[PDB]
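>>> How does the following fold in three dimensions:
(2 chains)
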Amino acid sequence: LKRX
Amino acid sequence: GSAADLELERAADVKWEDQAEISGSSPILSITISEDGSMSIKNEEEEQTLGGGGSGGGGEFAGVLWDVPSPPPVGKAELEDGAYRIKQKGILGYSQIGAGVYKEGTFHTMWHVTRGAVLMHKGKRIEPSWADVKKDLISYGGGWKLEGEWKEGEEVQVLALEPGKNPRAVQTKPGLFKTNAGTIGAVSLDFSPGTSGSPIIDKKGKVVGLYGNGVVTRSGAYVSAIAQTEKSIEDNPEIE
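Numbers count the residues shown, from 1 in each chain, chains lettered A, B, ... in the order given. Take a look at the structure below.
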């Protein structure tokens, strides 16, 4: 859970 | 830093979606290998967008975004059940990775999404049970156990949740890219950067693995390793  | 606010949001189920679109099968690419252990393209991408993007029940637009039904009458653990959009307040602020994979009782996703951070419901905290950098796979609840494993030989689909939209099941046949070691065989897809944690699911709901570690290549295509369930090596006795 943040960028990809 | 981080590991203080990482919230879950269910968006779909870990399963083949009928939005099956043939876009993979991408032939030979050139990717810049970093000391053999790592692999990437030498072009700084930026694309932190998936969760929210519309009034789709799950959201907030302040802290994070959710869809978590852990009830005070008989609950204890967290289980929204299926394919999640996931977003933290950490690292570079409020940003979404997208895909969190929970089937039956086990949450099993990518490592590269983090460096082994804890999870929650915006101010209610739950710890993962496993983190492995080598395969690039993290578990919650216990050791991961499915069955199926995809590799470059059979054709599959990647279940990639779209920003503010439906789970894009993209039909991805085997691909490969040129390497200092000759060539690596992986999932080679011409498409937008698929969500981190995207499960590798067949049309019959078989294999249900994970998309490995990769990059947006050609500044347009998205090519990544193949990650799969070998079943958690529980060599140690589970109790006695």
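
>>> correct me, but residue B:117 touches residue B:88?
Yes: using CB atoms under 8 Å, residue B:117 makes contact with residue B:88 at a distance of 7.4 Å. (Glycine included, C-beta is placed from N, CA and C.)

>>> list residues touching both of those two?
Common contacts of residue B:117 and residue B:88 (CB atoms under 8 Å, 6 or more residues apart in numbering or on different chains): B:2, B:6.

>>> Which one's more surrounded, those two?
residue B:88 (27 against 21; other CB atoms under 10 Å in any protein chain shown).

>>> Is that one part of a helix or strand, or is it coil?
At residue B:88 the chain is in strand, as set by DSSP: H, G, I helix; E, B strand; the rest coil.

>>> Give the buried residues for stretch B:37-47.
By neighbour count on 16 or more other CB atoms under 10 Å in any protein chain shown, the buried set for stretch B:37-47 is B:39, B:41.

>>> Apologies, that question was intended for stretch B:181-201.
Using 16+ other CB under 10 Å as the test for burial, stretch B:181-201 gives B:184, B:186-201.

>>> ok, now stretch B:63-74?
B:64, B:65, B:66, B:67, B:68.

>>> by contact count, what packs against the biggest strand by length in chain B?
Ranked by residue count and defined by DSSP state E, the top strand of chain B is strand B:93-103. Applying 3 or more CB pairs under 8 Å, 6 or more residues apart in numbering or on different chains; DSSP states H and E, one finds that strand B:93-103 contacts strand B:82-90, strand B:106-110, strand B:156-161.

>>> Can you narrow the buried residues of stretch B:181-201 down to the ones near chain A?
B:193, B:194, B:195, B:196 (CB under 8 Å from any CB of the partner chain).

>>> if I read this right, the first one contacts residue B:216, doesn't it?
I take that to be residue B:193. Yes: when contacts are counted by CB under 8 Å, residue B:193 is listed as touching residue B:216 (5.0 Å).

>>> tell me, what's touching the two both at once?
B:45, B:47, B:222.

>>> Chain A: which of these is nearest?
For the shared contacts of residue B:193 and residue B:216, the residue nearest chain A by CB to the nearest CB is residue B:47; the value is 6.4 Å.

>>> Enumerate every residue touching that closest one.
A:3, A:4, B:192, B:193, B:216.

>>> Show me which residues of chain B are close to chain A?
Checking chain B against chain A by CB under 8 Å from any CB, the hits are B:2, B:6-8, B:47-48, B:50, B:86-88, B:90-92, B:95-98, B:100, B:113-114, B:119, B:193-196.

>>> Drop anything exposed from those residues.
B:2, B:6-8, B:48, B:50, B:86-88, B:90-91, B:95-98, B:100, B:113-114, B:119, B:193-196.

>>> Find the centremost residue of chain B, please.
Most central in chain B under CA atoms, centre = their mean is residue B:197, positioned 0.2 Å from the mean C-alpha point.

>>> For the helices and strands packed on strand B:93-103, give me JSON lines that also has distance to residue B:57.
Converted to JSON lines, the helices and strands packed on strand B:93-103 look like this (distance: least, CB to CB, whole Å):
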{"stretch": "strand B:82-90", "distance to residue B:57": "11"}
{"stretch": "strand B:106-110", "distance to residue B:57": "21"}
{"stretch": "strand B:156-161", "distance to residue B:57": "14"}
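
>>> of those, which approaches residue B:27 most closely?
Of all these, strand B:156-161 sits nearest to residue B:27, with 17.2 Å by CB to CB.

>>> quick one: strands adjacent to the closest one?
As defined by DSSP bridges, the strand partners of strand B:156-161 come to strand B:167-172 (antiparallel), strand B:200-201 (antiparallel).
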